[PDB]
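# A closer look at the structure
What follows is each chain in one-letter form.
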Amino acid sequence: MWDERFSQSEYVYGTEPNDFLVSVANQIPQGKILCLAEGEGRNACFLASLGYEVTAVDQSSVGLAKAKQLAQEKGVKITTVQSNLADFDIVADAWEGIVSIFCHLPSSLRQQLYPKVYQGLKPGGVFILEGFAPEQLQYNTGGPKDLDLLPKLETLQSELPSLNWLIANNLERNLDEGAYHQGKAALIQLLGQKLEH
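Residues numbered from 1 in each chain as written, not as in the entry; some residues may be left out. Heavy atoms only, no water.

Method of structure determination, per the deposited record: solution NMR was used for this entry.

### A few points about the packing of aromatic side chains
Here is the rule: A pair of aromatic rings is counted whenever rings of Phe, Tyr or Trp (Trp by its six-membered ring) have centres within 6.5 Å, and the orientation is called stacked for planes under 30 degrees apart, edge-to-face for over 60 and tilted otherwise. Working definition: with a 1.4 Å probe on protein chains only, accessible area under 20% of the residue-type maximum means buried, over 50% means exposed, and in between means partly exposed.
The tally for this structure, following the rule as stated, stands at 2 aromatic pairs. Ring geometry for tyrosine 11 and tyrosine 13: centres 6.3 Å apart, planes at 40 degrees, overall tilted. Judged by relative accessible area, which is 69%, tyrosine 11 ranks as exposed. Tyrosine 13 gets classed as exposed once you look at its relative accessible area, which sits at 65%.

### Digging into the UniProt feature "domain: Methyltransferase" (unreviewed entry) in the protein
For clarity, the threshold we go by: UniProt positions are given in the numbering used here, feature names are shortened, and annotations may be inferred rather than shown by experiment. The helix and strand labels rest on DSSP assignments: H or I over at least four residues marks a helix, E over at least two residues marks a strand, and numbering proceeds from the N terminus.
Here, the residues flagged by UniProt with the feature "domain: Methyltransferase" (unreviewed entry) are residues 33-125. For residues 33-125, the helix share is 39%, the strand share is 20%, and the end-to-end C-alpha distance is 11 Å.

### As for the side chain of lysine 116
Counted only if it meets this: The sign given to each residue is positive for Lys and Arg and negative for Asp and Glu; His and the chain ends receive no count. Any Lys or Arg side-chain nitrogen found within 4 Å of a carboxyl oxygen on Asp or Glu counts as a salt bridge. Under the rule applied, a polar contact is a pair of N or O atoms within 3.5 Å (in protein, one hydrogen donor and one hydrogen acceptor; residues adjacent in sequence only if both atoms are side-chain atoms). Note on definitions: a residue-residue contact is assigned when non-hydrogen atoms from the two residues lie within 4.5 Å.
Positionally, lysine 116 belongs in helix α3 (residues 107-120). One buried charged side chain, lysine 116, makes no salt bridge at all; its nearest oppositely charged neighbour is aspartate 87, positioned 6.3 Å away. Polar side-chain contacts of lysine 116 include one of 2.8 Å to the backbone oxygen of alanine 86. Only 2.9 Å separates the side chain of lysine 116 from the backbone oxygen of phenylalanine 88, close enough to count as a polar contact. What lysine 116 contacts, discounting residues up to four positions off in sequence, is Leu85, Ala86, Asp87, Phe88 and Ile90.

### Structural notes on the nonpolar core
Formally: For the purposes of this section, nonpolar cores are sets of buried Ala, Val, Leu, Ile, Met, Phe, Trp, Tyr and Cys residues that join through side-chain atoms within 4.5 Å.
Counting 26 residues, the largest nonpolar core has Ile33, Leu47, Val54, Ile78 and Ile128 as its most contacted members. Among the nonpolar cores identified, the runner-up in size contains 23 residues, and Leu85, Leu109, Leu121 and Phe127 belong to it.

### Let's talk about the pairing of strand β4 (residues 97-101)
Where we set the bar: Between any two strands, pairing holds if DSSP finds at least two bridges. A crossover counts as right-handed when, viewed with the strands pointing away from the observer, the path leading from the first strand over the helix to the second turns clockwise.
The element β4 is largely enclosed, with a buried count of 5 among its 5 residues. Across 4 bridges, the pairing between strand β1 (residues 32-36) and β4 is parallel. Along β4, the bridge assignment pairs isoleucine 33 with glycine 97. Bridge analysis of β4 against strand β5 (residues 127-132) gives 4 bridges, and the strand direction is parallel. Residue pairing across strands places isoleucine 98 opposite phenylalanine 127, the latter belonging to β5. Following the backbone out of β4, through α3 and into the adjacent parallel β5, one traces a crossover that is right-handed.

### Concerning the environment of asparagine 169
Positionally, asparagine 169 belongs in strand β6 (residues 165-174). Through-space distance from the C-alpha of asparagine 169 to that of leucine 153 is 8.1 Å; in sequence the pair is 16 residues apart. Setting aside chain neighbours within four positions, we find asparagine 169 in contact with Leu153, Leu187, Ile188 and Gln189.

### Observations regarding the sheet that holds β6
As a reminder, the rule being used: Every angle, taken between N-to-C directions, lies between 0 and 180 degrees, and every axis is a line fitted to C-alpha atoms, over only the stretch in contact when it is a helix.
Pairing within the open sheet is mixed, and its 7 strands lie in the order β3-β2-β1-β4-β5-β7-β6. Edge positions in the sheet fall to β3 (79-82) and β6, since each of these pairs with one other strand and no more. Between one strand axis and the next, the sheet turns by 15 degrees as a mean value, whatever way the strands run. Against the sheet, helix α1 (residues 42-49) touches β1, β2 (53-58) and β4, its axis set at about 165 degrees to β2. Against the sheet, helix α2 (residues 61-74) contacts β2 and β3, and its axis sits at roughly 175 degrees relative to β3.

### With respect to unusual backbone geometry
Backbone geometry at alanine 37 places phi at a positive 55 degrees, although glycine is not the residue there. One non-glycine residue with positive phi stands out, namely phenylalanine 102, at about 40 degrees. On the accessibility criterion, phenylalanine 102 (43% relative accessible area) is partly exposed.

Right, dumping it as structure tokens:
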């Protein structure tokens, strides 16, 4: 005649440190983030390392593959979708913030994206744009057909009604990945206002 009693338990939970991307992008939610035209998705994996759920969309499958490779190397999970942003369908129920890193694209696409991202992201959401400007075309080519077709940030921020802007700066810097010969370039950084939904 004998008896024995015992039990066990455990708890797994923690968070990761973070920081602003632009100036105040630390106001970006830790939730689901949609990153468009990222090319390599380096910042996408960076966001994932912050504990963020990151979806990356690009026209380049190999660029998305680079994002996947980066994610694996960083030990984080990432989602990739191959699609042209012009044809890409953003679903309203699909609540994901909008981040553009160094996305060289025609303003006409933004006009098409505007309705997509507005309906896609819940009210009070935030839109992020950071990187060189198309005006960088003045370095080499003078434009896709013309520099005149290229949007300034003042145009972009004025053409985007869905949110109010907290920050917007035009920065002067030498063009990265250019020719041997020097060459200045304009960079655009601006961030929309997020109020708790």
